[PDB]
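Q: Got a file for you: start.txt, compact mmCIF, C-alpha atoms.
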```txt
# COMPACT_ATOMS: atom_id res chain seq x y z
CA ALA A 13 -8.89 -5.96 46.70
CA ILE A 14 -9.27 -5.55 42.92
CA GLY A 15 -7.06 -2.46 42.76
CA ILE A 16 -3.88 -4.41 43.38
CA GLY A 17 -4.01 -6.35 40.13
CA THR A 18 -5.13 -3.33 38.08
CA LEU A 19 -1.90 -1.57 39.04
CA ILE A 20 0.34 -4.57 38.28
CA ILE A 21 -1.14 -5.26 34.85
CA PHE A 22 -0.77 -1.56 33.91
CA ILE A 23 2.98 -1.88 34.54
CA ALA A 24 3.08 -4.75 32.06
CA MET A 25 0.94 -2.98 29.46
CA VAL A 26 3.26 0.06 29.43
CA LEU A 27 6.35 -2.09 29.08
CA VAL A 28 4.94 -4.08 26.16
CA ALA A 29 3.89 -0.93 24.32
CA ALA A 30 7.43 0.37 24.81
CA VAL A 31 8.99 -2.73 23.24
CA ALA A 32 6.58 -2.53 20.33
CA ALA A 33 7.45 1.12 19.71
CA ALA A 34 11.15 0.37 19.90
CA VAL A 35 11.20 -2.00 16.90
CA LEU A 36 9.71 0.69 14.66
CA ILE A 37 12.24 3.33 15.79
CA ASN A 38 15.12 0.84 15.28
CA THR A 39 13.84 -0.31 11.87
CA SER A 40 13.38 3.26 10.70
CA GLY A 41 17.07 3.83 11.51
CA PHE A 42 18.15 0.79 9.48
CA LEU A 43 16.08 1.83 6.51
CA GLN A 44 17.26 5.45 6.66
CA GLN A 45 20.85 4.73 5.72
CA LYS A 46 19.99 2.09 3.12
CA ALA A 47 17.58 4.42 1.35
CA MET A 48 19.81 7.49 1.35
CA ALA A 49 22.82 5.60 -0.03
CA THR A 50 20.76 3.93 -2.76
CA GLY A 51 19.61 7.31 -4.08
CA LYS A 52 23.03 8.95 -4.01
CA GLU A 53 24.78 6.04 -5.69
CA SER A 54 22.19 5.64 -8.41
CA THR A 55 22.44 9.35 -9.22
CA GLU A 56 26.21 9.38 -9.63
CA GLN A 57 25.96 6.34 -11.95
CA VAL A 58 23.65 8.02 -14.46
CA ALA A 59 25.39 11.39 -14.29
CA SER A 60 28.92 10.25 -15.14
CA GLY A 61 30.92 8.93 -18.08
CA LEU A 62 33.78 9.35 -20.57
CA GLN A 63 33.83 10.39 -24.24
CA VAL A 64 36.44 9.51 -26.90
CA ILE A 65 37.57 12.72 -28.54
CA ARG A 66 39.88 11.29 -31.23
CA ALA B 13 -17.44 -7.60 49.51
CA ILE B 14 -15.28 -7.81 46.37
CA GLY B 15 -18.00 -6.35 44.13
CA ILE B 16 -17.61 -2.86 45.54
CA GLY B 17 -14.10 -2.33 44.20
CA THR B 18 -14.86 -3.96 40.84
CA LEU B 19 -17.49 -1.29 40.21
CA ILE B 20 -15.24 1.61 41.27
CA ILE B 21 -12.27 0.56 39.14
CA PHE B 22 -14.56 0.15 36.09
CA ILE B 23 -15.53 3.82 36.44
CA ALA B 24 -11.86 4.75 36.27
CA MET B 25 -11.10 2.44 33.34
CA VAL B 26 -13.88 3.99 31.22
CA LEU B 27 -12.73 7.52 32.00
CA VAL B 28 -9.10 6.82 31.09
CA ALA B 29 -10.09 5.21 27.80
CA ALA B 30 -12.17 8.31 27.06
CA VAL B 31 -9.21 10.65 27.63
CA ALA B 32 -7.01 8.47 25.45
CA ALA B 33 -9.57 8.53 22.62
CA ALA B 34 -9.94 12.29 22.92
CA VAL B 35 -6.29 13.09 22.05
CA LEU B 36 -6.60 11.19 18.76
CA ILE B 37 -9.83 12.98 17.79
CA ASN B 38 -8.27 16.37 18.68
CA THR B 39 -5.01 15.61 16.86
CA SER B 40 -6.87 14.46 13.77
CA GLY B 41 -8.59 17.88 13.74
CA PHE B 42 -5.26 19.74 13.96
CA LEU B 43 -3.76 17.70 11.17
CA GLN B 44 -6.83 18.06 8.94
CA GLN B 45 -6.44 21.78 8.36
CA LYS B 46 -2.66 21.66 8.04
CA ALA B 47 -2.81 18.94 5.41
CA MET B 48 -5.60 20.46 3.33
CA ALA B 49 -3.92 23.88 3.16
CA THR B 50 -0.54 22.38 2.24
CA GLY B 51 -2.05 20.63 -0.78
CA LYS B 52 -4.04 23.61 -2.04
CA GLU B 53 -1.15 26.04 -1.71
CA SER B 54 1.35 23.76 -3.38
CA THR B 55 -1.02 23.27 -6.31
CA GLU B 56 -1.55 26.97 -6.97
CA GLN B 57 2.24 27.50 -6.92
CA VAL B 58 2.96 25.04 -9.73
CA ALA B 59 -0.08 26.02 -11.80
CA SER B 60 0.60 29.76 -12.06
CA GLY B 61 3.02 32.16 -13.73
CA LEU B 62 3.67 35.00 -16.18
CA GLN B 63 5.12 35.04 -19.71
CA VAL B 64 6.91 37.93 -21.48
CA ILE B 65 5.24 38.46 -24.83
CA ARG B 66 7.51 41.17 -26.29
CA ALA C 13 -13.22 -4.62 33.46
CA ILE C 14 -10.65 -4.73 30.62
CA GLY C 15 -13.26 -5.52 27.96
CA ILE C 16 -15.13 -2.23 28.39
CA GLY C 17 -12.20 -0.02 27.53
CA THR C 18 -11.21 -2.04 24.45
CA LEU C 19 -14.54 -1.24 22.84
CA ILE C 20 -14.28 2.48 23.55
CA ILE C 21 -10.85 3.01 22.06
CA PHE C 22 -11.84 0.89 19.03
CA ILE C 23 -14.48 3.54 18.25
CA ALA C 24 -11.81 6.22 18.21
CA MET C 25 -9.57 4.24 15.83
CA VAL C 26 -12.48 4.06 13.35
CA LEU C 27 -13.29 7.74 13.46
CA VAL C 28 -9.64 8.83 13.14
CA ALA C 29 -9.10 6.63 10.05
CA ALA C 30 -12.34 8.04 8.64
CA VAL C 31 -11.19 11.64 9.13
CA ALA C 32 -7.88 10.89 7.43
CA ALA C 33 -9.60 9.21 4.51
CA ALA C 34 -11.77 12.30 4.05
CA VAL C 35 -8.63 14.41 3.52
CA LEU C 36 -7.32 12.11 0.82
CA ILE C 37 -10.67 11.79 -1.01
CA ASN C 38 -11.40 15.54 -0.86
CA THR C 39 -7.90 16.55 -1.93
CA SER C 40 -8.08 14.21 -4.92
CA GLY C 41 -11.32 15.96 -5.87
CA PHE C 42 -9.73 19.41 -5.54
CA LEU C 43 -6.89 18.42 -7.84
CA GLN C 44 -9.08 16.68 -10.42
CA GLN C 45 -10.50 20.04 -11.53
CA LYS C 46 -7.20 21.86 -12.07
CA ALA C 47 -5.50 18.86 -13.63
CA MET C 48 -8.01 18.67 -16.45
CA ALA C 49 -8.27 22.45 -16.88
CA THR C 50 -4.52 22.83 -17.37
CA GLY C 51 -4.34 20.24 -20.13
CA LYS C 52 -7.27 21.55 -22.15
CA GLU C 53 -6.12 25.17 -21.89
CA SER C 54 -2.55 24.35 -22.85
CA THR C 55 -3.60 22.39 -25.93
CA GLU C 56 -5.92 25.12 -27.21
CA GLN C 57 -3.01 27.58 -26.85
CA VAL C 58 -0.50 25.61 -28.88
CA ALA C 59 -2.95 24.62 -31.62
CA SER C 60 -4.68 27.92 -32.35
CA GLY C 61 -3.46 30.96 -34.30
CA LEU C 62 -4.00 33.27 -37.31
CA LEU C 63 -1.99 33.71 -40.50
CA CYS C 64 -1.42 36.74 -42.75
CA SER C 65 -2.31 36.20 -46.34
CA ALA D 13 -9.40 -11.04 38.69
CA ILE D 14 -8.08 -8.36 36.29
CA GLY D 15 -5.37 -10.64 34.89
CA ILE D 16 -7.83 -13.13 33.40
CA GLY D 17 -9.54 -10.66 31.11
CA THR D 18 -6.28 -9.15 29.83
CA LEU D 19 -5.30 -12.50 28.36
CA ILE D 20 -8.65 -13.01 26.63
CA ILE D 21 -8.78 -9.70 24.84
CA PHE D 22 -5.12 -10.10 23.82
CA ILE D 23 -6.19 -13.17 21.82
CA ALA D 24 -8.71 -11.08 19.94
CA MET D 25 -6.15 -8.37 19.07
CA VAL D 26 -3.96 -11.07 17.47
CA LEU D 27 -6.70 -12.59 15.38
CA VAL D 28 -8.01 -9.21 14.16
CA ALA D 29 -4.53 -8.11 13.02
CA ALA D 30 -4.14 -11.50 11.32
CA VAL D 31 -7.41 -11.10 9.41
CA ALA D 32 -6.40 -7.63 8.24
CA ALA D 33 -2.99 -8.85 7.13
CA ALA D 34 -4.66 -11.56 5.06
CA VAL D 35 -6.52 -8.88 3.07
CA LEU D 36 -3.34 -7.00 2.26
CA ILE D 37 -1.34 -10.12 1.30
CA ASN D 38 -4.17 -11.59 -0.82
CA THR D 39 -4.95 -8.30 -2.56
CA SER D 40 -1.29 -7.86 -3.48
CA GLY D 41 -1.44 -11.33 -5.03
CA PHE D 42 -4.60 -10.47 -7.00
CA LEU D 43 -2.96 -7.37 -8.44
CA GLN D 44 0.36 -9.03 -9.25
CA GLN D 45 -1.29 -11.03 -12.05
CA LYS D 46 -2.97 -8.13 -13.85
CA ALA D 47 -0.03 -5.79 -13.39
CA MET D 48 2.31 -8.06 -15.30
CA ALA D 49 -0.28 -9.04 -17.92
CA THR D 50 -0.97 -5.42 -18.83
CA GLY D 51 2.67 -4.57 -19.44
CA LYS D 52 3.47 -7.58 -21.59
CA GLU D 53 0.33 -7.20 -23.70
CA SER D 54 0.86 -3.49 -24.23
CA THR D 55 4.45 -3.94 -25.37
CA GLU D 56 3.60 -6.67 -27.87
CA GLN D 57 0.93 -4.34 -29.32
CA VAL D 58 3.20 -1.37 -29.90
CA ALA D 59 6.11 -3.41 -31.27
CA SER D 60 4.37 -5.73 -33.72
CA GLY D 61 2.99 -5.04 -37.20
CA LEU D 62 3.17 -5.84 -40.93
CA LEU D 63 4.40 -3.77 -43.87
CA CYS D 64 3.35 -3.70 -47.54
CA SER D 65 6.12 -4.27 -49.98
CA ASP E 173 16.63 -22.56 -2.03
CA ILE E 174 15.06 -22.91 -5.52
CA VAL E 175 13.15 -26.00 -6.63
CA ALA E 176 11.03 -27.02 -9.58
CA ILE E 177 7.60 -28.54 -9.28
CA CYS E 178 7.18 -30.80 -12.28
CA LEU E 179 3.66 -31.49 -13.69
CA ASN E 180 2.69 -33.55 -16.75
CA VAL E 181 -0.48 -32.11 -18.17
CA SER E 182 -0.63 -33.80 -21.54
CA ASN E 183 -4.01 -35.44 -21.12
CA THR E 184 -5.40 -33.59 -18.09
CA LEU E 185 -5.44 -29.97 -19.35
CA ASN E 186 -5.68 -29.05 -23.04
CA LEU E 187 -3.10 -26.26 -23.40
CA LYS E 188 -3.47 -25.16 -27.00
CA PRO E 189 -2.54 -21.55 -27.97
CA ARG E 190 -4.26 -18.49 -26.57
CA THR E 191 -5.36 -20.44 -23.45
CA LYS E 192 -5.53 -18.99 -19.90
CA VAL E 193 -4.13 -21.06 -17.02
CA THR E 194 -4.75 -20.16 -13.39
CA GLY E 195 -3.76 -21.76 -10.12
CA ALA E 196 -1.85 -21.85 -6.85
CA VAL E 197 0.61 -23.89 -4.86
CA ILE E 198 -0.86 -23.90 -1.37
CA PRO E 199 1.40 -24.69 1.61
CA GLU E 200 0.44 -26.10 4.99
CA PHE E 201 0.75 -22.61 6.38
CA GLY E 202 1.55 -19.28 4.81
CA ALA E 203 0.54 -17.49 1.65
CA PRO E 204 -0.01 -19.31 -1.68
CA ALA E 205 2.03 -18.76 -4.81
CA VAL E 206 -0.17 -17.64 -7.72
CA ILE E 207 0.29 -19.19 -11.18
CA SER E 208 -1.23 -17.06 -13.93
CA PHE E 209 -0.36 -17.07 -17.61
CA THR E 210 -1.81 -17.12 -21.07
CA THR E 211 -0.09 -19.37 -23.57
CA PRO E 212 1.41 -17.54 -26.61
CA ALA E 213 -0.43 -16.77 -29.81
CA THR E 214 1.93 -18.95 -31.87
CA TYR E 215 4.12 -21.93 -31.14
CA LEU E 216 7.16 -22.35 -33.45
CA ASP E 217 8.87 -25.71 -34.24
CA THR E 218 12.29 -24.09 -33.82
CA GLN E 219 11.58 -23.23 -30.17
CA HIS E 220 10.24 -26.22 -28.27
CA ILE E 221 10.89 -24.76 -24.80
CA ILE E 222 8.75 -21.69 -23.97
CA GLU E 223 8.93 -19.21 -21.11
CA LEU E 224 5.39 -18.73 -19.88
CA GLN E 225 5.65 -16.50 -16.78
```
Go ahead and render the structure in this file as structure tokens.

A:
Amino acid sequence: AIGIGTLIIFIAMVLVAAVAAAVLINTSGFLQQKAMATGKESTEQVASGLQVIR
Amino acid sequence: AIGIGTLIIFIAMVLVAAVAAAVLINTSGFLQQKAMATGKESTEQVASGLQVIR
Amino acid sequence: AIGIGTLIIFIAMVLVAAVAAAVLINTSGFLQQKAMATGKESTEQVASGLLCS
Amino acid sequence: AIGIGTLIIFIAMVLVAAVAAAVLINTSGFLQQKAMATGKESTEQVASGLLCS
Amino acid sequence: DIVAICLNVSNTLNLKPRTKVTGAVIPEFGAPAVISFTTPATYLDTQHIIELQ
């Protein structure tokens, strides 16, 4: 009966789509930190310095 | 005969793909309004103000 | 069996991208007006005046 | 029976994504040239000149 | 890695000033590198090595 295979391949299709989703979630995590830090650091750099009075 | 099931499962496959398509069409509708409004509103905010003459 | 569905969802992908594009195109239009208006108005303000003799 | 078709359409998905990627990669290349050119040219224009003595 | 592709063009291409040069290094697979430069307006005898791109 045709139904049997239709079920089994659905199981696979779900699993693959899960794995594909995962990589984007993971990568978004990695990028989050890297981005946030880069902004903070760059800001402090421009904002700060010393001045010779005399 | 094998043909009988092949027909029946096709009927299902079509229907599922329809339902899946629907959610994207619907969601695109929801997002349309929300996006358009957000742009308009934000624009008016920046563009407008009052000035004290004297 | 599989082939049939692939076609159907493809149609949806097209339409959804189309709808999103419409937003971007339209919005750009809406802004074009005000962008120009603001510049012209602001210039005429700073440049013009009268002087007591 | 179902299995067979799944494989075939998978092949198409791959190729279609590949073709789309090619556009993006290529286009980026095409722009890289003009982007640089414009900047260099514009700088040389504003910086250079002669002066009457 | 970094590596220099060395080409002798003395008789093959006539690179006088103000001349556009276009091209690519094309690998067996993967995206080509795009060469694109216009030679300077003036060559000076004090500066025999020139940075083109």

Q: Neighbours of region 199-211 of chain E within 7 Å (all atoms listed in the file; same-chain residues fewer than 5 positions away dropped), as a count of residues only?

A: 10

Q: Fit chain B to chain A, all Cα atoms paired in order, least squares. Then write it as a compact mmCIF listing (two decimals) with C-alpha atoms, keeping the file's coordinate frame.

A:
```txt
# COMPACT_ATOMS: atom_id res chain seq x y z
CA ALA B 13 -8.89 -5.98 46.68
CA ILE B 14 -9.28 -5.62 42.90
CA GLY B 15 -7.09 -2.50 42.74
CA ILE B 16 -3.90 -4.44 43.36
CA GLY B 17 -4.01 -6.37 40.10
CA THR B 18 -5.15 -3.36 38.06
CA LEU B 19 -1.93 -1.58 39.02
CA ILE B 20 0.32 -4.57 38.26
CA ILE B 21 -1.16 -5.26 34.82
CA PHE B 22 -0.80 -1.56 33.89
CA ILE B 23 2.95 -1.86 34.52
CA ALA B 24 3.08 -4.72 32.04
CA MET B 25 0.92 -2.97 29.44
CA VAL B 26 3.21 0.09 29.40
CA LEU B 27 6.33 -2.04 29.06
CA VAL B 28 4.95 -4.06 26.15
CA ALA B 29 3.88 -0.92 24.30
CA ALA B 30 7.41 0.42 24.80
CA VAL B 31 9.00 -2.68 23.25
CA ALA B 32 6.60 -2.51 20.33
CA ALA B 33 7.45 1.16 19.71
CA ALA B 34 11.16 0.42 19.92
CA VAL B 35 11.23 -1.97 16.92
CA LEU B 36 9.74 0.72 14.67
CA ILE B 37 12.25 3.36 15.80
CA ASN B 38 15.14 0.88 15.30
CA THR B 39 13.86 -0.28 11.90
CA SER B 40 13.41 3.28 10.72
CA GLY B 41 17.11 3.84 11.54
CA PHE B 42 18.18 0.79 9.52
CA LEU B 43 16.12 1.83 6.54
CA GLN B 44 17.32 5.45 6.68
CA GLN B 45 20.91 4.69 5.74
CA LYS B 46 20.01 2.06 3.15
CA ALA B 47 17.62 4.40 1.37
CA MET B 48 19.88 7.46 1.38
CA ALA B 49 22.86 5.54 -0.03
CA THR B 50 20.76 3.89 -2.75
CA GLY B 51 19.64 7.28 -4.05
CA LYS B 52 23.07 8.91 -4.00
CA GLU B 53 24.79 5.99 -5.70
CA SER B 54 22.18 5.64 -8.40
CA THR B 55 22.47 9.34 -9.19
CA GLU B 56 26.24 9.34 -9.62
CA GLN B 57 25.94 6.33 -11.97
CA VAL B 58 23.63 8.07 -14.45
CA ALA B 59 25.42 11.42 -14.24
CA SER B 60 28.93 10.25 -15.12
CA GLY B 61 30.89 8.92 -18.09
CA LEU B 62 33.73 9.32 -20.59
CA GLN B 63 33.76 10.40 -24.25
CA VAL B 64 36.35 9.51 -26.94
CA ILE B 65 37.51 12.72 -28.56
CA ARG B 66 39.79 11.32 -31.29
```

Q: May I ask for the distance between CA of residue 19 (chain D) and CA of residue 30 (chain C), given in Å to one decimal place?

A: 29.3 Å

Q: Please put the answer as AutoDock Vina command-line options: centre and edge lengths, in Å with one decimal, of a box along x, y and z that encloses all listed atoms of region 42-61 of chain D plus 3 Å on each side.

A:
```
--center_x 0.8 --center_y -6.2 --center_z -22.1 --size_x 16.7 --size_y 15.7 --size_z 36.2
```

Q: What are the residues of chain B lining chain A at 10 Å or less? Count all atoms listed in the file, and put the answer as number ranges by chain.

A: B: 13-21, 25

Q: Select all residues from chain B having any atom no more than 6 Å from an atom of chain C (counting all atoms listed in the file, ignoring ligands), output as a PyMOL selection string.

A: chain B and resi 22+26+29+33

Q: Between CA of residue 34 (chain B) and CA of residue 53 (chain B), what distance in Å does the model show, to one decimal?

A: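 Going from CA of residue 34 (chain B) over to CA of residue 53 (chain B), I get 29.5 Å.
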
Q: What is the CA of residue 50 (chain A) to CA of residue 37 (chain A) distance in Å?

A: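 Computed distance, CA of residue 50 (chain A) to CA of residue 37 (chain A), equals 20.4 Å.
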
Q: Using only C-alpha atoms, which of E:179, E:217, E:223, E:212 sits nearest residue 53 (chain D)?

A: E:212
